[PDB]
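For reference, the structure discussed in these notes is given below.
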Amino acid sequence: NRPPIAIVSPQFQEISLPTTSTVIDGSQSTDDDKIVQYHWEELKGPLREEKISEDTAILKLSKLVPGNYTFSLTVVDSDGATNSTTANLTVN
Amino acid sequence: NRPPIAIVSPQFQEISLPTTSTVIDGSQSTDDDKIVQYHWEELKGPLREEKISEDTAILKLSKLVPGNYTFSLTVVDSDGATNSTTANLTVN
Amino acid sequence: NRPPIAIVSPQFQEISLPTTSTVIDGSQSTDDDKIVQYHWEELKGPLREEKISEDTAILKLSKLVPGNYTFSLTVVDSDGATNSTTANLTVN
Amino acid sequence: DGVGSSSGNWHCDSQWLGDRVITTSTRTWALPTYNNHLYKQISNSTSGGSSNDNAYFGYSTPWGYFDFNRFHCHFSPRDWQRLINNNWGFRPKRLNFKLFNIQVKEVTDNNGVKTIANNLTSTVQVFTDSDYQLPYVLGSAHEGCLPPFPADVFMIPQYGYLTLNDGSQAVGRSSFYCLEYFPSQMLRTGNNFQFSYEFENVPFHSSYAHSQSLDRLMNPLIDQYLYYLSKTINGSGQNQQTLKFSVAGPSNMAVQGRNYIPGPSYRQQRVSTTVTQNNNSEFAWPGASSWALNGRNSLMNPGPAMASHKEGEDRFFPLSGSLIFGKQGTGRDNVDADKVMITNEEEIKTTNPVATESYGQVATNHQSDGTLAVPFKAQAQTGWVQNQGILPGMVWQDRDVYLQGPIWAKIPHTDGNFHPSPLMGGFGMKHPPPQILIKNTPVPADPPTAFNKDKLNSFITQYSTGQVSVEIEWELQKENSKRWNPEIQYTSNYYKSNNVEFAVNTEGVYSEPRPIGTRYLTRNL
Amino acid sequence: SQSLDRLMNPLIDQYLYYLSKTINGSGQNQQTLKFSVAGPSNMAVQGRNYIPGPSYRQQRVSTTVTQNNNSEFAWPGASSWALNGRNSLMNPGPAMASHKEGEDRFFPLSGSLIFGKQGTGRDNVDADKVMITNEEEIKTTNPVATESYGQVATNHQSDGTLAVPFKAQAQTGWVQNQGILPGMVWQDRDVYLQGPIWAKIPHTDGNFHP
Amino acid sequence: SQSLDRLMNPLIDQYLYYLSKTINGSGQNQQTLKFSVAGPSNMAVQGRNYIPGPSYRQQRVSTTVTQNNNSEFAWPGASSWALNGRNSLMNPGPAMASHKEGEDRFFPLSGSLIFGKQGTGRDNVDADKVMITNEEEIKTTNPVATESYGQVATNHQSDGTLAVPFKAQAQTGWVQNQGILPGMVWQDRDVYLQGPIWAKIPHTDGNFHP
């Protein structure tokens, strides 16, 4: 009964706007059984009129303001074991 | 020579935003002959930078501000007889 | 070794907004050989949060503010000879 | 021939010769006199009006037509079990339609007293549209077909076609087919009718679910000598473009090169049976796939054969992409969800995209990071494909046929078509079995002593009765799979319950609890 | 003489229930799932075996010159296929009906053969000196050239989701161009007295309905 | 040796007039409708019997590593078909030409067989140790893999409407993926010396051009 292995890639990224739109793949989630869901939550971000809550494997970002970002991918398997790995995104 | 029967559905709706987009079907327009056109006009609305004027059977709404709305569907048949029924839309 | 002939059409246009979106064709670029690229640069425009830089044959315009516009189409052939013809756009 | 001699014996057996299944069937029919022997035209102008979409213009012919294009007319549920459990396909091969034992009865109404005495002289007309020069109306699962339970005596449905209609008004091309203008055959209580029909070469139906997902068709032990692009940036930083390939093996089967791609898709709206999850708005009509030729919409029901839901999402089903048969005793309209039984299609999720999913994605711009003199820094953006047309090498599986499902449907006589398999399921035939329109002749009551040139509108009320027998020999394709894991079969649950499934209730009403598919056996791709 | 979407029987229901209602009534938290039979009263949602042929939407231009927009959309804004990096008008394209019943004045920009009457100029002739071949004759089994062949849903109408709430309503997107699907029927283009007879099928490794 | 969009005769007009102008000149309320003959001077708008084969747009990656964007778009941003809820690259997909004439360096992300030269590593090899099969050989009768197969109009160019005025200009949308239509020709993929011979057609109830 191995717990899932959550591998978010790329881990570190440097992006300078008029191309704020950035995607970090989260589909590289190793487990014996099916990954029932993916959960994305941004722990830290500069104040923005919106807050990042999604369930997609490939997270889509748009309208990124300058600052430092730290996103957290939480995966759950069939049994229920959860492994959370954090991703750091930086915009110039 | 029966005049057209304009039946707008749904008549009453309660919608709370981040889903302002609401559609009220107007295609349920009973008549002997073809309904030549549909006319939609909003009698009352909170002040907005835009005013609802359309000819589509299925009215598409977007960017609805809080308040009370009263839309009016006007149908015309081949002969020219017009029947107008009003729809009330409320957003929390 | 004839230099390219850059023919932008239409030359003059009068457009009044809520239809700012206007396209001026630049694909009518006569030359013996292939036109390697098209270059569009707007010499004069009323102050706007954006500046028109593109390489497409059919220039797409959107969000045009009132004023006078003068766009310049520059074409280059295989050899390198460049012929630049200007287009004047006016919005009411 | 003669009043006191039956004109044909009741055959209802179902022989199983082996590679041939002759399925005779017989039910008793009662046919009234529709429309008082007239040809009244129908339009929404007469039916009280309708929307722009629902306008129609057609004629209400007084003929009744025998319809038997539903699988449970012929196959007793035990035969259907013997045909889905162990068989890899079937197709009709012949037909035989004996209409025998007519008896015409005269109804007299005096002081509200119904006295029914038979006419040993009145005649009932029968003829088969054997050249399809009439508007074919068999092939929409119109509820008039032969009784699921043999004893059940049924009323013959009325025949009325539709033609062109600009609104509710006809146009010049609007055709008016007068049925009596066809050479009938008159039966007068001692005669019988019979035509034999030969089914054309219609392809074997797919009575099997695929045991190999189309995207897992490879070998899980060997690499594939076709390198795929894996990385594009060496590492997080500024100006670090690169282009690194790698072999596509078993460790990463997503990027594996593949010969064939799943079939077409026409995305349907998603509605969940657990009523809580559906959005709190009326999206029945607004928000469902429709094709809308000639400016009038029409639901894409049921559309292209598409899998109902992704593995594990049982509760969901597409809005307008599945046959939804009503259980016996259900209301005509506005019935609850539990009184109608929904046909889910998880059986072809292998080689068909999910009905509610968006068939992959296609890139929409060029990932030219740094361009020469026109810099945009445009990242590779991808857009979804809600609807995808048939491409080079694409495979798919046609829709299933259920016990309560249609058999055939005339392929419209058009200059071209693609894969004519009727979307409701069944067989597509350019020359389907003909209609059999039956009408009992008018017999005017008592015309005046003085001449009168009118149409003689006073007829005496009467109807008919008899039996109808449809022997339709199928051809089977036996299965010879070398599978070792026991096959999956269709069974009736062994558990005590108030009524036996597919058996009559205490009152006598024959109840079919669930729709029965025909894809149970497994055949590898 | 039988519209492909009116191929049924207008007198008998169809024993295939369709989803009709989804909310019981206007209010908060009133989801439901009510089916109903698809009969003659509502022929739109009727189950159908076959669907109309392909579509490659053309621009709409109206013969009454007043209605056309006041800009030069001859070249920019017409269907083109453009292999090898050079554009080329989709003239006349896939057999498609020119206009919906009653809209005679319209015609697709580049989707109809337009023969010149005797004595007409080589170029820049007025509209009355060239005679346009309208195709209203196959509006039955072909989608209208200027119309957008139905619509396909683009997201999931999952009102209340588990741990990722979006309240996303069922949104629909149009299908401007649709490829050939399973069981789709259509009718090829007409030949006119002043029209071609034959044309060599290019010697290629494959083609569809040449 | 004959591009599918240059199949005509370059010396004779084509007696099928095409819509050329729509406005007489720059101004207010100057709609018109002027046709002209489609000859050799303008081969783009020439009427054509057949149209290029299917398309399923692939991402574009350039062998000159400098031009590719500075982000990991290997998996996120490549065509995939994804039956049963699990994605899978559209590798190599429908036979499509790798690049437009003159753009040799480019190649679609997941649309070409890429064989490894002898002595190459199993994974994470550089670009020079794997040899890429370019398909410029069928750019004639197939749309370019990285290009967007023309464009289809999405609304009606009804400039002045009766009682519902919008002044909507004819807008065009691209066709990223196009299904097989009536009369469409294409050419199947090439076989290389280091390439497969046969492959079992999956035993399914139907397929197209296996």
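Each chain in the structure tokens gets a letter, A, B and so on, in the order shown; residues start at 1 in every chain, and ligands are counted from 1 in the order they appear.
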Give the superposed chain C as a compact mmCIF listing (two decimals) with N, CA and C atoms, in the first residue's frame, the fit being least squares on chain A over all ordered C-alpha pairs.
# COMPACT_ATOMS: atom_id res chain seq x y z
N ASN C 1 0.83 -1.20 0.00
CA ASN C 1 0.00 0.00 0.00
C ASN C 1 0.87 1.26 0.00
N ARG C 2 1.55 1.49 -1.11
CA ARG C 2 2.45 2.63 -1.21
C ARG C 2 1.65 3.93 -1.33
N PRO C 3 2.00 4.97 -0.58
CA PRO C 3 1.34 6.26 -0.78
C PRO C 3 1.74 6.87 -2.11
N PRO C 4 0.92 7.77 -2.66
CA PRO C 4 1.26 8.39 -3.94
C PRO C 4 2.51 9.25 -3.84
N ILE C 5 3.20 9.36 -4.97
CA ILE C 5 4.37 10.22 -5.10
C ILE C 5 3.98 11.39 -5.98
N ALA C 6 3.92 12.58 -5.39
CA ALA C 6 3.56 13.79 -6.11
C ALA C 6 4.83 14.48 -6.59
N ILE C 7 4.98 14.58 -7.91
CA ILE C 7 6.16 15.17 -8.53
C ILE C 7 5.66 16.29 -9.43
N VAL C 8 5.81 17.53 -8.98
CA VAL C 8 5.42 18.70 -9.77
C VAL C 8 6.64 19.19 -10.54
N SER C 9 6.46 19.43 -11.84
CA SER C 9 7.53 19.90 -12.69
C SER C 9 6.99 20.96 -13.65
N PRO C 10 7.75 22.03 -13.92
CA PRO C 10 9.06 22.34 -13.34
C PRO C 10 8.96 22.89 -11.92
N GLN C 11 10.00 22.65 -11.11
CA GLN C 11 9.99 23.12 -9.73
C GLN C 11 10.20 24.63 -9.66
N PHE C 12 11.18 25.16 -10.39
CA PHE C 12 11.54 26.56 -10.33
C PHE C 12 11.46 27.18 -11.71
N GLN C 13 10.95 28.41 -11.78
CA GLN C 13 10.70 29.07 -13.06
C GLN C 13 10.88 30.56 -12.90
N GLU C 14 11.51 31.19 -13.90
CA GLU C 14 11.70 32.67 -13.95
C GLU C 14 10.98 33.19 -15.20
N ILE C 15 9.88 33.93 -15.01
CA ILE C 15 9.09 34.46 -16.16
C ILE C 15 8.92 35.98 -16.01
N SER C 16 9.18 36.73 -17.09
CA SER C 16 9.02 38.20 -17.09
C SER C 16 7.85 38.57 -18.01
N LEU C 17 6.89 39.35 -17.51
CA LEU C 17 5.68 39.76 -18.27
C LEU C 17 6.08 40.63 -19.46
N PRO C 18 5.38 40.53 -20.72
CA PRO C 18 3.82 40.29 -21.35
C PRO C 18 3.53 38.82 -21.69
N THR C 19 4.16 37.90 -20.97
CA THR C 19 3.81 36.45 -21.06
C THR C 19 3.63 35.89 -19.65
N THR C 20 2.72 36.48 -18.87
CA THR C 20 2.47 36.00 -17.48
C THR C 20 2.03 34.53 -17.51
N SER C 21 1.16 34.17 -18.46
CA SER C 21 0.60 32.80 -18.60
C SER C 21 1.71 31.74 -18.50
N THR C 22 1.68 30.94 -17.43
CA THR C 22 2.66 29.88 -17.21
C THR C 22 1.93 28.64 -16.70
N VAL C 23 2.36 27.47 -17.15
CA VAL C 23 1.79 26.20 -16.73
C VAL C 23 2.88 25.37 -16.08
N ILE C 24 2.57 24.79 -14.92
CA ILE C 24 3.46 23.84 -14.26
C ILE C 24 2.75 22.50 -14.23
N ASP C 25 3.37 21.49 -14.83
CA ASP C 25 2.75 20.18 -14.94
C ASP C 25 2.70 19.50 -13.58
N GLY C 26 1.55 18.90 -13.27
CA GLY C 26 1.39 18.15 -12.04
C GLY C 26 0.96 16.73 -12.30
N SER C 27 0.85 16.37 -13.58
CA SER C 27 0.39 15.04 -13.97
C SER C 27 1.41 13.95 -13.67
N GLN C 28 2.64 14.31 -13.30
CA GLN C 28 3.67 13.33 -12.95
C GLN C 28 3.49 12.92 -11.49
N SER C 29 2.38 12.24 -11.23
CA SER C 29 2.00 11.82 -9.89
C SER C 29 2.07 10.29 -9.83
N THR C 30 3.21 9.78 -9.36
CA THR C 30 3.42 8.35 -9.30
C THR C 30 2.59 7.72 -8.18
N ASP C 31 1.91 6.63 -8.50
CA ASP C 31 1.21 5.80 -7.52
C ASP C 31 0.94 4.44 -8.13
N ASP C 32 0.71 3.46 -7.26
CA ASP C 32 0.26 2.15 -7.72
C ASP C 32 -1.10 2.25 -8.39
N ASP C 33 -2.06 2.90 -7.73
CA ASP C 33 -3.42 3.00 -8.22
C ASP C 33 -3.66 4.39 -8.81
N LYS C 34 -4.86 4.57 -9.35
CA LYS C 34 -5.25 5.83 -9.97
C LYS C 34 -5.20 6.98 -8.96
N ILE C 35 -4.70 8.12 -9.41
CA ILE C 35 -4.77 9.35 -8.63
C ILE C 35 -6.18 9.90 -8.76
N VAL C 36 -6.94 9.85 -7.66
CA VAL C 36 -8.36 10.18 -7.74
C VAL C 36 -8.56 11.67 -8.03
N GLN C 37 -7.69 12.52 -7.49
CA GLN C 37 -7.85 13.95 -7.71
C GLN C 37 -6.52 14.66 -7.48
N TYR C 38 -6.40 15.84 -8.07
CA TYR C 38 -5.30 16.75 -7.83
C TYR C 38 -5.85 18.02 -7.19
N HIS C 39 -5.14 18.55 -6.21
CA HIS C 39 -5.54 19.78 -5.54
C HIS C 39 -4.40 20.78 -5.58
N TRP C 40 -4.69 21.99 -6.04
CA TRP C 40 -3.72 23.07 -6.14
C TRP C 40 -4.17 24.22 -5.25
N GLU C 41 -3.26 24.68 -4.39
CA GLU C 41 -3.52 25.81 -3.46
C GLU C 41 -2.25 26.67 -3.37
N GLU C 42 -2.38 27.99 -3.55
CA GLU C 42 -1.21 28.90 -3.50
C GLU C 42 -1.05 29.45 -2.07
N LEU C 43 0.00 29.00 -1.37
CA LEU C 43 0.27 29.42 0.03
C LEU C 43 0.61 30.92 0.12
N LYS C 44 1.48 31.42 -0.77
CA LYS C 44 1.87 32.86 -0.70
C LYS C 44 1.78 33.52 -2.08
N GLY C 45 1.24 34.74 -2.11
CA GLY C 45 1.19 35.52 -3.36
C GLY C 45 0.98 36.99 -3.06
N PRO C 46 1.40 37.92 -3.95
CA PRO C 46 1.15 39.36 -3.76
C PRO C 46 -0.36 39.57 -3.90
N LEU C 47 -0.93 40.53 -3.16
CA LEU C 47 -2.40 40.73 -3.14
C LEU C 47 -2.91 40.91 -4.57
N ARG C 48 -3.89 40.07 -4.93
CA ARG C 48 -4.50 40.03 -6.28
C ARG C 48 -6.02 39.91 -6.10
N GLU C 49 -6.79 40.40 -7.07
CA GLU C 49 -8.28 40.33 -6.98
C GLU C 49 -8.78 38.88 -7.06
N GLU C 50 -7.89 37.90 -7.26
CA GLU C 50 -8.35 36.48 -7.35
C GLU C 50 -7.41 35.54 -6.58
N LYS C 51 -7.92 34.37 -6.18
CA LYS C 51 -7.16 33.36 -5.39
C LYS C 51 -7.22 32.00 -6.11
N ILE C 52 -6.04 31.39 -6.31
CA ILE C 52 -5.86 30.14 -7.12
C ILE C 52 -6.40 28.89 -6.41
N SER C 53 -7.56 28.41 -6.87
CA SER C 53 -8.16 27.13 -6.39
C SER C 53 -8.54 26.31 -7.63
N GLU C 54 -7.93 25.13 -7.82
CA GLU C 54 -8.22 24.30 -9.02
C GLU C 54 -7.99 22.82 -8.73
N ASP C 55 -8.50 21.95 -9.62
CA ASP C 55 -8.36 20.51 -9.53
C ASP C 55 -7.73 19.89 -10.77
N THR C 56 -7.28 20.71 -11.72
CA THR C 56 -6.73 20.19 -12.97
C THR C 56 -5.30 19.68 -12.76
N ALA C 57 -4.94 18.66 -13.55
CA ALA C 57 -3.59 18.12 -13.48
C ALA C 57 -2.56 19.13 -13.98
N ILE C 58 -2.86 19.82 -15.07
CA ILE C 58 -1.98 20.82 -15.65
C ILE C 58 -2.52 22.19 -15.27
N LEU C 59 -1.89 22.82 -14.28
CA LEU C 59 -2.38 24.09 -13.78
C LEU C 59 -2.14 25.20 -14.79
N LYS C 60 -3.18 25.98 -15.07
CA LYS C 60 -3.11 27.11 -16.00
C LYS C 60 -3.08 28.40 -15.19
N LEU C 61 -2.08 29.23 -15.44
CA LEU C 61 -1.95 30.52 -14.79
C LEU C 61 -2.10 31.64 -15.81
N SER C 62 -2.76 32.72 -15.40
CA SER C 62 -2.92 33.89 -16.25
C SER C 62 -3.00 35.12 -15.37
N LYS C 63 -2.58 36.26 -15.93
CA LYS C 63 -2.57 37.54 -15.22
C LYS C 63 -1.77 37.43 -13.92
N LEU C 64 -0.47 37.19 -14.08
CA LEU C 64 0.43 37.10 -12.94
C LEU C 64 1.09 38.44 -12.68
N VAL C 65 0.96 38.92 -11.45
CA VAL C 65 1.53 40.21 -11.04
C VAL C 65 2.95 39.96 -10.54
N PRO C 66 3.83 40.95 -10.57
CA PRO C 66 5.20 40.73 -10.08
C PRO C 66 5.20 40.34 -8.61
N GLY C 67 6.14 39.48 -8.25
CA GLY C 67 6.26 39.00 -6.89
C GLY C 67 6.79 37.58 -6.88
N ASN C 68 6.58 36.90 -5.75
CA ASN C 68 7.02 35.53 -5.55
C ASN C 68 5.81 34.66 -5.27
N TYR C 69 5.76 33.49 -5.90
CA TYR C 69 4.65 32.56 -5.76
C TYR C 69 5.14 31.22 -5.24
N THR C 70 4.32 30.57 -4.42
CA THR C 70 4.58 29.23 -3.92
C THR C 70 3.29 28.43 -3.98
N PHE C 71 3.18 27.55 -4.97
CA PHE C 71 2.00 26.72 -5.15
C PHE C 71 2.24 25.34 -4.55
N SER C 72 1.14 24.72 -4.11
CA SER C 72 1.19 23.44 -3.42
C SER C 72 0.28 22.45 -4.13
N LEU C 73 0.85 21.35 -4.61
CA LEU C 73 0.09 20.29 -5.26
C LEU C 73 -0.18 19.19 -4.25
N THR C 74 -1.46 18.89 -4.02
CA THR C 74 -1.88 17.81 -3.15
C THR C 74 -2.56 16.74 -3.98
N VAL C 75 -2.08 15.50 -3.87
CA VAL C 75 -2.63 14.37 -4.61
C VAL C 75 -3.24 13.40 -3.61
N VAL C 76 -4.30 12.72 -4.03
CA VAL C 76 -4.96 11.69 -3.23
C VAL C 76 -5.10 10.46 -4.11
N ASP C 77 -4.80 9.29 -3.54
CA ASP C 77 -4.98 8.05 -4.27
C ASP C 77 -6.34 7.43 -3.95
N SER C 78 -6.54 6.20 -4.43
CA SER C 78 -7.81 5.47 -4.19
C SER C 78 -7.98 5.21 -2.69
N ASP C 79 -6.93 4.71 -2.02
CA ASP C 79 -6.98 4.41 -0.57
C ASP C 79 -7.24 5.69 0.23
N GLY C 80 -6.57 6.79 -0.12
CA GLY C 80 -6.78 8.07 0.59
C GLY C 80 -5.48 8.72 1.04
N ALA C 81 -4.34 8.04 0.86
CA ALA C 81 -3.06 8.62 1.27
C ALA C 81 -2.74 9.84 0.42
N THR C 82 -2.29 10.90 1.08
CA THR C 82 -2.03 12.18 0.43
C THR C 82 -0.56 12.55 0.57
N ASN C 83 0.03 13.00 -0.54
CA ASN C 83 1.40 13.49 -0.55
C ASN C 83 1.40 14.87 -1.18
N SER C 84 1.91 15.85 -0.46
CA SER C 84 1.89 17.23 -0.91
C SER C 84 3.31 17.72 -1.16
N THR C 85 3.56 18.20 -2.37
CA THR C 85 4.84 18.79 -2.74
C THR C 85 4.59 20.21 -3.22
N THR C 86 5.48 21.12 -2.85
CA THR C 86 5.29 22.53 -3.17
C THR C 86 6.11 22.93 -4.38
N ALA C 87 5.57 23.88 -5.14
CA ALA C 87 6.25 24.44 -6.30
C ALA C 87 6.46 25.93 -6.09
N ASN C 88 7.63 26.42 -6.47
CA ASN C 88 8.00 27.83 -6.33
C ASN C 88 8.04 28.47 -7.71
N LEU C 89 7.25 29.53 -7.88
CA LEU C 89 7.21 30.28 -9.13
C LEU C 89 7.62 31.72 -8.85
N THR C 90 8.54 32.24 -9.65
CA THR C 90 9.03 33.60 -9.51
C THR C 90 8.86 34.34 -10.83
N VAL C 91 8.33 35.56 -10.76
CA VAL C 91 8.15 36.42 -11.92
C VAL C 91 8.97 37.69 -11.72
N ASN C 92 9.69 38.08 -12.76
CA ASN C 92 10.55 39.25 -12.70
C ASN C 92 9.71 40.53 -12.71
Item to complete: Could you please write out, as a count of residues only, every residue of segment 5-210 of chain F that DSSP assigns to strand (DSSP E)?
Response: 38
Fill in: Neighbours of chain A in chain F at 9 Å, counting only C-alpha atoms, as a ChimeraX atom specification
/F:70-73,75-76
With C-alpha atoms retained, write the just-selected residues as a short mmCIF file (atom, residue, chain, number, x, y, z; two decimals), in the first residue's frame.
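Just written: result20.cif:
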data_model
loop_
_atom_site.label_atom_id
_atom_site.label_comp_id
_atom_site.auth_asym_id
_atom_site.auth_seq_id
_atom_site.Cartn_x
_atom_site.Cartn_y
_atom_site.Cartn_z
CA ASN F 70 12.13 29.10 -22.35
CA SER F 71 9.69 26.78 -20.61
CA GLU F 72 9.07 23.05 -20.38
CA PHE F 73 6.37 22.47 -22.99
CA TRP F 75 4.11 17.32 -22.21
CA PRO F 76 1.91 20.39 -21.50
#
Check which residues of segment 75-104 of chain E sit at most 10 Å from segment 188-209 of chain E using only C-alpha atoms, and return one row each with the closest pair of atoms and their distance in Å to one decimal, ordered by chain and rising number, as JSON lines.
{"residue": "E:92", "atom": "CA", "partner": "E:189", "partner_atom": "CA", "distance": 9.7}
{"residue": "E:93", "atom": "CA", "partner": "E:189", "partner_atom": "CA", "distance": 9.8}
{"residue": "E:94", "atom": "CA", "partner": "E:189", "partner_atom": "CA", "distance": 7.8}
{"residue": "E:95", "atom": "CA", "partner": "E:189", "partner_atom": "CA", "distance": 4.8}
{"residue": "E:96", "atom": "CA", "partner": "E:189", "partner_atom": "CA", "distance": 7.6}
{"residue": "E:97", "atom": "CA", "partner": "E:189", "partner_atom": "CA", "distance": 9.1}
Worksheet item: Taking only C-alpha atoms into account, what are the residues of chain D at most 12 Å from chain B, put as a count of residues only?
Response: 35
Worksheet, complete the sentence: Residue with the minimum atom-to-atom distance to residue 260 of chain D, picked from F:161, F:49, F:91, F:176 with only C-alpha atoms counted, is F:91
Discussion item. Show me, as a ChimeraX atom specification, the residues that have an atom within 9 Å of residue 441 of chain D when counting only C-alpha atoms, minus same-chain residues fewer than 3 positions from it.
Written reply: /D:33,37,122-125,186
How about saving the chosen residues, N, CA, C and O atoms kept, as a PDB file, in the first residue's frame?
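Final file, selection_21.pdb:
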ATOM      1  N   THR D  33     -61.203   2.378 -37.668  1.00  0.00           N
ATOM      2  CA  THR D  33     -61.249   3.203 -38.871  1.00  0.00           C
ATOM      3  C   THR D  33     -60.779   4.601 -38.506  1.00  0.00           C
ATOM      4  O   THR D  33     -61.518   5.369 -37.888  1.00  0.00           O
ATOM      5  N   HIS D  37     -62.187   7.628 -42.616  1.00  0.00           N
ATOM      6  CA  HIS D  37     -61.901   7.304 -44.014  1.00  0.00           C
ATOM      7  C   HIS D  37     -61.649   8.558 -44.848  1.00  0.00           C
ATOM      8  O   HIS D  37     -62.062   8.644 -46.005  1.00  0.00           O
ATOM      9  N   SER D 122     -67.730  -7.554 -45.397  1.00  0.00           N
ATOM     10  CA  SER D 122     -66.866  -6.388 -45.496  1.00  0.00           C
ATOM     11  C   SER D 122     -65.410  -6.798 -45.652  1.00  0.00           C
ATOM     12  O   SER D 122     -64.970  -7.817 -45.120  1.00  0.00           O
ATOM     13  N   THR D 123     -64.655  -5.982 -46.385  1.00  0.00           N
ATOM     14  CA  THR D 123     -63.297  -6.310 -46.787  1.00  0.00           C
ATOM     15  C   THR D 123     -62.309  -5.329 -46.183  1.00  0.00           C
ATOM     16  O   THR D 123     -62.608  -4.144 -46.026  1.00  0.00           O
ATOM     17  N   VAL D 124     -61.113  -5.827 -45.874  1.00  0.00           N
ATOM     18  CA  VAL D 124     -60.029  -5.016 -45.335  1.00  0.00           C
ATOM     19  C   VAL D 124     -58.845  -5.093 -46.288  1.00  0.00           C
ATOM     20  O   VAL D 124     -58.433  -6.185 -46.684  1.00  0.00           O
ATOM     21  N   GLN D 125     -58.319  -3.935 -46.685  1.00  0.00           N
ATOM     22  CA  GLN D 125     -57.278  -3.873 -47.700  1.00  0.00           C
ATOM     23  C   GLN D 125     -55.908  -3.996 -47.067  1.00  0.00           C
ATOM     24  O   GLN D 125     -55.671  -3.460 -45.986  1.00  0.00           O
ATOM     25  N   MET D 186     -57.448  -7.152 -51.294  1.00  0.00           N
ATOM     26  CA  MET D 186     -58.648  -7.096 -50.474  1.00  0.00           C
ATOM     27  C   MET D 186     -58.904  -8.448 -49.828  1.00  0.00           C
ATOM     28  O   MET D 186     -59.111  -9.444 -50.524  1.00  0.00           O
TER      29      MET D 186
END
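Using only C-alpha atoms, the nearest neighbour of chain F within the list D:331, D:425, D:383, D:444 is D:383.
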Chain F contacts to chain E at 7 Å (only C-alpha atoms) as a compact mmCIF listing (two decimals) with C-alpha atoms, in the first residue's frame:
# COMPACT_ATOMS: atom_id res chain seq x y z
CA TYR F 15 -16.02 31.50 -66.09
CA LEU F 16 -16.91 31.35 -62.36
CA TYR F 17 -17.12 34.87 -61.01
CA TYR F 18 -15.95 35.45 -57.44
CA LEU F 19 -16.92 38.28 -55.11
CA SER F 20 -14.05 40.77 -55.24
CA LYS F 21 -15.12 44.16 -53.84
CA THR F 22 -17.74 45.00 -51.25
CA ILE F 23 -17.21 48.74 -50.74
CA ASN F 29 -22.74 54.23 -46.45
CA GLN F 30 -21.00 52.96 -49.57
CA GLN F 31 -21.91 49.28 -49.69
CA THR F 32 -21.79 47.53 -53.05
CA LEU F 33 -21.33 44.07 -54.51
CA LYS F 34 -18.86 43.76 -57.39
CA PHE F 35 -17.90 40.38 -58.84
CA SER F 36 -15.04 39.57 -61.18
CA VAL F 37 -13.71 36.58 -63.09
CA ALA F 44 -6.23 32.17 -54.74
CA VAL F 45 -9.96 32.63 -55.33
CA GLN F 46 -10.08 30.10 -58.17
CA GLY F 47 -12.86 27.53 -57.93
CA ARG F 48 -11.49 24.11 -57.03
CA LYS F 100 6.07 24.92 -44.96
CA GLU F 101 8.55 25.15 -47.91
CA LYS F 139 3.19 19.34 -48.48
CA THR F 140 1.25 19.40 -51.75
CA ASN F 142 -1.69 17.77 -46.94
CA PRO F 143 -1.93 20.82 -44.68
CA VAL F 144 1.19 21.73 -42.77
CA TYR F 149 -5.87 24.71 -41.95
CA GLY F 150 -7.52 27.90 -43.10
CA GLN F 151 -10.28 29.79 -41.36
CA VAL F 152 -14.08 29.72 -41.10
CA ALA F 153 -16.33 32.73 -40.65
CA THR F 154 -18.08 32.85 -37.28
CA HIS F 156 -22.93 37.31 -40.16
CA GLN F 157 -21.65 40.48 -41.81
CA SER F 158 -25.05 42.17 -41.52
CA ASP F 159 -23.93 45.78 -41.26
CA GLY F 160 -27.31 47.41 -40.68
CA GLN F 169 -18.05 42.93 -39.13
CA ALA F 170 -17.30 39.57 -40.71
CA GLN F 171 -15.04 37.91 -38.15
CA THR F 172 -13.11 34.75 -38.97
CA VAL F 175 -9.71 25.70 -37.67
CA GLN F 178 -10.64 19.62 -39.22
CA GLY F 179 -12.56 16.34 -39.85
CA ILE F 180 -12.85 14.63 -43.28
CA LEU F 181 -15.34 16.44 -45.58
CA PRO F 182 -16.98 15.47 -49.40
CA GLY F 183 -14.15 15.26 -52.02
CA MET F 184 -11.13 15.80 -49.67
CA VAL F 185 -7.86 14.13 -50.83
CA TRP F 186 -4.74 13.43 -48.80
CA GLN F 187 -1.64 11.23 -48.80
CA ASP F 188 -0.78 8.67 -46.16
